[PDB]
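For reference, upload.tsv is printed below; it contains TSV, N, CA and C atoms.
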```tsv
chain	number	residue	atom	x	y	z
R	55	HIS	N	188.28	-33.92	78.81
R	55	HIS	CA	188.63	-34.55	80.09
R	55	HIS	C	188.67	-36.08	79.96
R	56	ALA	N	189.65	-36.76	80.57
R	56	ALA	CA	189.66	-38.22	80.69
R	56	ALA	C	188.78	-38.72	81.85
R	57	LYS	N	188.56	-40.03	81.92
R	57	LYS	CA	187.92	-40.71	83.06
R	57	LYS	C	188.65	-42.00	83.41
R	58	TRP	N	188.37	-42.59	84.59
R	58	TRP	CA	188.90	-43.94	84.97
R	58	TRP	C	188.01	-44.96	84.24
R	59	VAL	N	188.53	-46.08	83.69
R	59	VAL	CA	187.75	-47.00	82.78
R	59	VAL	C	187.71	-48.50	83.15
R	60	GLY	N	187.99	-48.96	84.37
R	60	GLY	CA	187.82	-50.38	84.79
R	60	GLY	C	188.38	-51.42	83.81
R	61	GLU	N	187.81	-52.65	83.71
R	61	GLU	CA	188.31	-53.57	82.69
R	61	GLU	C	187.45	-54.65	81.98
R	62	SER	N	186.23	-54.96	82.42
R	62	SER	CA	185.47	-56.07	81.84
R	62	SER	C	185.06	-55.86	80.38
R	63	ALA	N	184.72	-56.96	79.70
R	63	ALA	CA	184.15	-56.96	78.36
R	63	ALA	C	182.62	-56.79	78.32
R	64	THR	N	181.96	-56.50	79.44
R	64	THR	CA	180.50	-56.64	79.56
R	64	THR	C	179.82	-55.63	80.47
R	65	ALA	N	180.42	-55.21	81.58
R	65	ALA	CA	179.85	-54.19	82.45
R	65	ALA	C	180.04	-52.78	81.87
R	66	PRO	N	179.15	-51.81	82.16
R	66	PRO	CA	179.26	-50.46	81.63
R	66	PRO	C	180.56	-49.74	82.02
R	67	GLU	N	181.13	-50.08	83.18
R	67	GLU	CA	182.35	-49.45	83.68
R	67	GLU	C	183.55	-49.67	82.77
R	68	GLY	N	183.58	-50.74	81.98
R	68	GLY	CA	184.72	-51.10	81.13
R	68	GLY	C	184.87	-50.28	79.85
R	69	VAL	N	183.89	-49.45	79.50
R	69	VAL	CA	183.84	-48.72	78.22
R	69	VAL	C	184.59	-47.39	78.30
R	70	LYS	N	185.61	-47.19	77.46
R	70	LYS	CA	186.34	-45.92	77.36
R	70	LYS	C	185.43	-44.81	76.82
R	71	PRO	N	185.44	-43.59	77.39
R	71	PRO	CA	184.46	-42.55	77.07
R	71	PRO	C	184.84	-41.68	75.86
R	72	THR	N	183.86	-41.06	75.23
R	72	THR	CA	184.07	-39.97	74.26
R	72	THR	C	184.01	-38.46	74.63
R	73	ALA	N	184.77	-37.63	73.91
R	73	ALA	CA	184.87	-36.19	74.19
R	73	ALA	C	185.23	-35.33	72.97
R	74	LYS	N	185.04	-34.01	73.07
R	74	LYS	CA	185.24	-33.03	71.99
R	74	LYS	C	186.03	-31.79	72.42
R	75	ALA	N	186.65	-31.12	71.46
R	75	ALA	CA	187.16	-29.75	71.60
R	75	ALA	C	186.21	-28.73	70.96
R	76	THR	N	186.49	-27.43	71.07
R	76	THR	CA	185.73	-26.35	70.40
R	76	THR	C	186.62	-25.13	70.21
R	77	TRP	N	186.36	-24.31	69.20
R	77	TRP	CA	187.05	-23.05	68.93
R	77	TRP	C	186.04	-21.91	68.77
R	78	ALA	N	186.50	-20.68	68.90
R	78	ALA	CA	185.71	-19.47	68.71
R	78	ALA	C	186.51	-18.41	67.95
R	79	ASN	N	185.92	-17.24	67.72
R	79	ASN	CA	186.51	-16.19	66.89
R	79	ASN	C	186.36	-14.81	67.53
R	80	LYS	N	187.38	-13.97	67.37
R	80	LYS	CA	187.41	-12.55	67.77
R	80	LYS	C	187.79	-11.71	66.56
R	81	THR	N	187.39	-10.44	66.49
R	81	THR	CA	187.64	-9.60	65.30
R	81	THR	C	188.29	-8.28	65.65
R	82	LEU	N	189.37	-7.91	64.95
R	82	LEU	CA	189.76	-6.51	64.77
R	82	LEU	C	188.90	-5.89	63.67
R	83	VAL	N	188.35	-4.70	63.88
R	83	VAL	CA	187.70	-3.90	62.83
R	83	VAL	C	188.24	-2.48	62.86
R	84	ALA	N	188.79	-2.00	61.75
R	84	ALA	CA	189.36	-0.66	61.68
R	84	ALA	C	188.29	0.43	61.56
R	85	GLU	N	188.53	1.56	62.21
R	85	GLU	CA	187.68	2.75	62.22
R	85	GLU	C	188.53	4.00	62.12
R	86	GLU	N	187.96	5.12	61.69
R	86	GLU	CA	188.71	6.33	61.33
R	86	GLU	C	188.57	7.46	62.35
R	87	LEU	N	189.69	8.04	62.78
R	87	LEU	CA	189.76	9.30	63.52
R	87	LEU	C	190.26	10.38	62.57
R	88	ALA	N	189.64	11.56	62.57
R	88	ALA	CA	190.01	12.64	61.68
R	88	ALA	C	189.70	14.04	62.23
R	89	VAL	N	190.41	15.05	61.74
R	89	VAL	CA	190.10	16.47	61.99
R	89	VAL	C	190.55	17.33	60.82
R	90	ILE	N	189.86	18.44	60.55
R	90	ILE	CA	190.28	19.47	59.59
R	90	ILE	C	190.59	20.75	60.34
R	91	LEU	N	191.75	21.36	60.09
R	91	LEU	CA	192.20	22.62	60.69
R	91	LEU	C	192.34	23.71	59.61
R	92	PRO	N	191.33	24.55	59.37
R	92	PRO	CA	191.41	25.65	58.41
R	92	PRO	C	192.12	26.89	58.97
R	93	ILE	N	192.79	27.67	58.11
R	93	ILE	CA	193.48	28.92	58.45
R	93	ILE	C	193.47	29.90	57.27
R	94	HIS	N	193.42	31.21	57.50
R	94	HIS	CA	193.42	32.21	56.43
R	94	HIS	C	194.85	32.55	55.99
R	95	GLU	N	195.12	32.64	54.69
R	95	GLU	CA	196.51	32.74	54.22
R	95	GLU	C	197.23	34.02	54.63
R	96	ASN	N	196.54	35.14	54.81
R	96	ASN	CA	197.20	36.35	55.30
R	96	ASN	C	197.69	36.17	56.74
R	97	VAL	N	196.95	35.48	57.61
R	97	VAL	CA	197.40	35.14	58.96
R	97	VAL	C	198.62	34.25	58.89
R	98	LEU	N	198.57	33.24	58.03
R	98	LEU	CA	199.66	32.32	57.78
R	98	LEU	C	200.93	33.06	57.32
R	99	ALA	N	200.80	34.08	56.48
R	99	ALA	CA	201.91	34.88	55.98
R	99	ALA	C	202.42	35.93	56.98
R	100	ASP	N	201.53	36.53	57.77
R	100	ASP	CA	201.86	37.59	58.72
R	100	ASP	C	202.46	37.08	60.03
R	101	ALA	N	202.10	35.88	60.49
R	101	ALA	CA	202.58	35.35	61.76
R	101	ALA	C	204.10	35.10	61.76
R	102	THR	N	204.74	35.22	62.92
R	102	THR	CA	206.19	35.01	63.09
R	102	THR	C	206.59	33.54	63.16
R	103	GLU	N	205.69	32.65	63.57
R	103	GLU	CA	205.92	31.20	63.61
R	103	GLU	C	205.45	30.52	62.32
R	104	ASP	N	205.97	29.34	61.99
R	104	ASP	CA	205.38	28.50	60.96
R	104	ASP	C	204.08	27.87	61.48
R	105	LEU	N	202.95	28.55	61.28
R	105	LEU	CA	201.67	28.06	61.80
R	105	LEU	C	201.21	26.76	61.15
R	106	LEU	N	201.61	26.41	59.92
R	106	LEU	CA	201.27	25.09	59.40
R	106	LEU	C	202.02	23.98	60.14
R	107	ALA	N	203.28	24.19	60.52
R	107	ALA	CA	203.98	23.22	61.36
R	107	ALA	C	203.34	23.11	62.75
R	108	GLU	N	202.85	24.20	63.32
R	108	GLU	CA	202.08	24.13	64.57
R	108	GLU	C	200.76	23.39	64.41
L	2	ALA	N	182.07	-64.93	75.09
L	2	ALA	CA	183.02	-65.15	76.18
L	2	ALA	C	184.43	-64.61	75.88
L	3	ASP	N	185.22	-64.41	76.92
L	3	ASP	CA	186.63	-64.02	76.83
L	3	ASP	C	187.43	-64.60	77.99
L	4	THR	N	188.76	-64.61	77.78
L	4	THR	CA	189.75	-65.00	78.81
L	4	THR	C	189.98	-63.74	79.67
L	5	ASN	N	189.31	-63.62	80.82
L	5	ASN	CA	189.44	-62.47	81.70
L	5	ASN	C	190.59	-62.63	82.70
L	6	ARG	N	190.84	-61.62	83.53
L	6	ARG	CA	191.94	-61.64	84.51
L	6	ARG	C	191.85	-62.80	85.49
L	7	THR	N	190.66	-63.18	85.95
L	7	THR	CA	190.49	-64.31	86.86
L	7	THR	C	190.85	-65.64	86.21
L	8	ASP	N	190.67	-65.79	84.89
L	8	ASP	CA	191.06	-66.99	84.15
L	8	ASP	C	192.57	-67.10	83.98
L	9	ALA	N	193.26	-65.98	83.82
L	9	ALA	CA	194.70	-65.92	83.70
L	9	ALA	C	195.43	-65.75	85.05
L	10	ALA	N	194.71	-65.62	86.16
L	10	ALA	CA	195.26	-65.23	87.46
L	10	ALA	C	196.44	-66.10	87.92
L	11	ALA	N	196.42	-67.40	87.64
L	11	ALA	CA	197.50	-68.33	87.97
L	11	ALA	C	198.85	-67.93	87.37
L	12	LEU	N	198.85	-67.24	86.23
L	12	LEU	CA	200.03	-66.64	85.65
L	12	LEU	C	200.24	-65.12	85.63
L	13	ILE	N	199.56	-64.46	86.56
L	13	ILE	CA	199.73	-63.05	86.92
L	13	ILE	C	200.37	-62.68	88.27
L	14	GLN	N	201.69	-62.78	88.31
L	14	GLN	CA	202.48	-62.61	89.53
L	14	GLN	C	202.46	-61.17	90.04
L	15	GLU	N	202.39	-60.98	91.35
L	15	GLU	CA	202.57	-59.69	92.01
L	15	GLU	C	204.05	-59.38	92.27
L	16	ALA	N	204.42	-58.11	92.30
L	16	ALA	CA	205.76	-57.65	92.65
L	16	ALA	C	205.87	-57.28	94.14
L	17	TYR	N	207.09	-57.07	94.63
L	17	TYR	CA	207.38	-56.61	95.99
L	17	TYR	C	208.37	-55.45	95.97
L	18	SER	N	208.16	-54.45	96.82
L	18	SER	CA	209.11	-53.37	97.06
L	18	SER	C	209.34	-52.80	98.49
L	19	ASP	N	210.56	-52.39	98.79
L	19	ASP	CA	210.93	-51.92	100.12
L	19	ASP	C	210.87	-50.44	100.56
L	20	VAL	N	210.23	-49.59	99.76
L	20	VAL	CA	210.26	-48.13	99.95
L	20	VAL	C	209.75	-47.68	101.32
L	21	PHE	N	208.85	-48.44	101.94
L	21	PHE	CA	208.29	-48.13	103.26
L	21	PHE	C	208.76	-49.09	104.36
L	22	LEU	N	209.76	-49.93	104.12
L	22	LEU	CA	210.27	-50.89	105.09
L	22	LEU	C	211.52	-50.36	105.79
L	23	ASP	N	211.48	-50.26	107.12
L	23	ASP	CA	212.55	-49.71	107.95
L	23	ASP	C	212.66	-50.44	109.29
L	24	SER	N	213.86	-50.46	109.88
L	24	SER	CA	214.07	-50.86	111.27
L	24	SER	C	213.53	-49.83	112.25
L	25	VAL	N	213.39	-50.18	113.53
L	25	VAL	CA	213.14	-49.17	114.56
L	25	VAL	C	214.29	-48.17	114.64
L	26	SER	N	213.96	-46.90	114.82
L	26	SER	CA	214.92	-45.86	115.14
L	26	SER	C	215.32	-45.91	116.61
L	27	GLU	N	216.56	-45.55	116.91
L	27	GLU	CA	217.04	-45.38	118.28
L	27	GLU	C	216.73	-43.96	118.77
L	28	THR	N	215.61	-43.77	119.46
L	28	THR	CA	215.15	-42.46	119.93
L	28	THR	C	215.69	-42.05	121.30
L	29	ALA	N	216.38	-42.92	122.03
L	29	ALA	CA	216.73	-42.66	123.43
L	29	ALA	C	217.78	-41.56	123.62
L	30	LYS	N	217.64	-40.73	124.67
L	30	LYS	CA	218.49	-39.54	124.87
L	30	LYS	C	219.29	-39.50	126.16
L	31	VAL	N	218.83	-40.03	127.30
L	31	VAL	CA	219.40	-39.59	128.60
L	31	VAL	C	220.87	-39.92	128.80
L	32	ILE	N	221.36	-41.06	128.31
L	32	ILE	CA	222.79	-41.40	128.36
L	32	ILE	C	223.61	-40.48	127.45
L	33	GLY	N	223.03	-39.98	126.37
L	33	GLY	CA	223.67	-39.02	125.48
L	33	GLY	C	223.76	-37.61	126.07
L	34	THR	N	222.76	-37.17	126.83
L	34	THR	CA	222.67	-35.78	127.30
L	34	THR	C	223.22	-35.56	128.69
L	35	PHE	N	222.89	-36.40	129.67
L	35	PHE	CA	223.30	-36.18	131.06
L	35	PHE	C	224.69	-36.75	131.39
L	36	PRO	N	225.34	-36.30	132.48
L	36	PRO	CA	226.58	-36.87	132.97
L	36	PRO	C	226.46	-38.36	133.28
L	37	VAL	N	227.40	-39.16	132.77
L	37	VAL	CA	227.44	-40.61	132.99
L	37	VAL	C	228.56	-40.99	133.95
L	38	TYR	N	228.24	-41.79	134.95
L	38	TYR	CA	229.17	-42.39	135.90
L	38	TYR	C	229.25	-43.90	135.68
L	39	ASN	N	230.44	-44.46	135.48
L	39	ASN	CA	230.62	-45.90	135.33
L	39	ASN	C	230.65	-46.56	136.71
L	40	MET	N	229.58	-47.26	137.09
L	40	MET	CA	229.52	-47.95	138.39
L	40	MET	C	230.33	-49.25	138.39
L	41	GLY	N	231.04	-49.54	139.48
L	41	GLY	CA	231.82	-50.77	139.66
L	41	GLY	C	231.15	-51.84	140.53
L	42	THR	N	230.02	-51.53	141.15
L	42	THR	CA	229.26	-52.39	142.08
L	42	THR	C	227.82	-51.88	142.18
L	43	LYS	N	226.89	-52.62	142.79
L	43	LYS	CA	225.46	-52.28	142.78
L	43	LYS	C	225.15	-50.89	143.33
L	44	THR	N	225.78	-50.47	144.42
L	44	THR	CA	225.45	-49.21	145.10
L	44	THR	C	226.64	-48.27	145.12
L	45	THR	N	226.38	-46.97	144.99
L	45	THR	CA	227.35	-45.90	145.23
L	45	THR	C	226.74	-44.86	146.16
L	46	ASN	N	227.51	-44.37	147.12
L	46	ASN	CA	227.11	-43.35	148.08
L	46	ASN	C	227.63	-41.98	147.65
L	47	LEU	N	226.77	-40.98	147.75
L	47	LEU	CA	226.99	-39.61	147.31
L	47	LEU	C	226.72	-38.66	148.49
L	48	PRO	N	227.74	-38.29	149.28
L	48	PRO	CA	227.57	-37.35	150.38
L	48	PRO	C	227.27	-35.93	149.90
L	49	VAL	N	226.42	-35.21	150.62
L	49	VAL	CA	226.03	-33.83	150.35
L	49	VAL	C	225.91	-33.03	151.64
L	50	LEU	N	226.29	-31.75	151.63
L	50	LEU	CA	226.03	-30.86	152.76
L	50	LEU	C	224.52	-30.68	152.92
L	51	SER	N	224.00	-30.86	154.12
L	51	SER	CA	222.57	-30.79	154.42
L	51	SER	C	222.18	-29.47	155.07
L	52	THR	N	222.93	-29.06	156.09
L	52	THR	CA	222.74	-27.79	156.82
L	52	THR	C	224.09	-27.23	157.25
L	53	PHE	N	224.14	-25.94	157.54
L	53	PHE	CA	225.34	-25.24	158.00
L	53	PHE	C	224.98	-24.09	158.94
L	54	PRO	N	225.90	-23.59	159.77
L	54	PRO	CA	225.57	-22.68	160.86
L	54	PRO	C	225.46	-21.22	160.44
```
Show me the file's structure as structure tokens.
Amino acid sequence: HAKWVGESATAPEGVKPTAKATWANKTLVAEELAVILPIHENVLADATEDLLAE
Amino acid sequence: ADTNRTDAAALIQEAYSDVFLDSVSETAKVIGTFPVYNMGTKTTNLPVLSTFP
């Protein structure tokens, strides 16, 4: 932020002020979703649909 | 010490500007709005019906 700064060489009002910026950090972290779907091969062979595609 | 504004003041001229300077506006209405009669002398007489039978 700026301020108003007057003009003398001697009074406190004449002094231009100091200031700073700051930064921070955010994180993506990857995690795993998974499932296993088991099936018996005779069911897989006997069924009328492609059960692996299902 | 320093040469401050009060020390230099004799050679610090002020400026002038007209942004807020205006004449009076003409606000008057009645001659513009109502019927106007041009009078030829101080008095004019205007007869009107007062009563009837």
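Every protein or nucleic acid residue with an atom no more than 12 Å from residue 106 in chain R, counting only C-alpha atoms and leaving out same-chain residues fewer than 2 positions away, appears here: residues 91, 92, 93, 94, 95, 97, 98, 99, 101, 102, 103, 104 and 108 of chain R.
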Just need the residues of chain R within 10 Å of chain L, counting only C-alpha atoms, so spit them out as a short mmCIF file (atom, residue, chain, number, x, y, z; two decimals) with N, CA and C atoms, keeping the file's coordinate frame.
```cif
data_model
loop_
_atom_site.label_atom_id
_atom_site.label_comp_id
_atom_site.auth_asym_id
_atom_site.auth_seq_id
_atom_site.Cartn_x
_atom_site.Cartn_y
_atom_site.Cartn_z
N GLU R 61 187.81 -52.65 83.71
CA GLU R 61 188.31 -53.57 82.69
C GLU R 61 187.45 -54.65 81.98
N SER R 62 186.23 -54.96 82.42
CA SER R 62 185.47 -56.07 81.84
C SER R 62 185.06 -55.86 80.38
N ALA R 63 184.72 -56.96 79.70
CA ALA R 63 184.15 -56.96 78.36
C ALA R 63 182.62 -56.79 78.32
N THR R 64 181.96 -56.50 79.44
CA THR R 64 180.50 -56.64 79.56
C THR R 64 179.82 -55.63 80.47
#
```
query = range 71-84 of chain R: which residues within 7 Å, counting all atoms listed in the file, same-chain residues fewer than 4 positions away excluded, as a list in words?
reply =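 The residues satisfying every condition are residues 55, 57 and 59 of chain R.
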request  = Apply DSSP to the backbone of this structure and, from range 9-45 of chain L, keep only the residues in alpha helix (DSSP H); write these as a PyMOL selection string.
outcome  = chain L and resi 9+31-34
query = What does the distance between atom N of residue 88 in chain R and CA of residue 105 in chain R come to in Å, to one decimal place?
reply =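 Answer for the atom N of residue 88 in chain R to CA of residue 105 in chain R separation: 20.4 Å.
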query = Quick one: distance from atom N of residue 69 in chain R to atom C of residue 56 in chain R in Å, one decimal?
reply = 12.0 Å
query = By how many Å are CA of residue 40 in chain L and CA of residue 28 in chain L apart?
reply = 24.0 Å
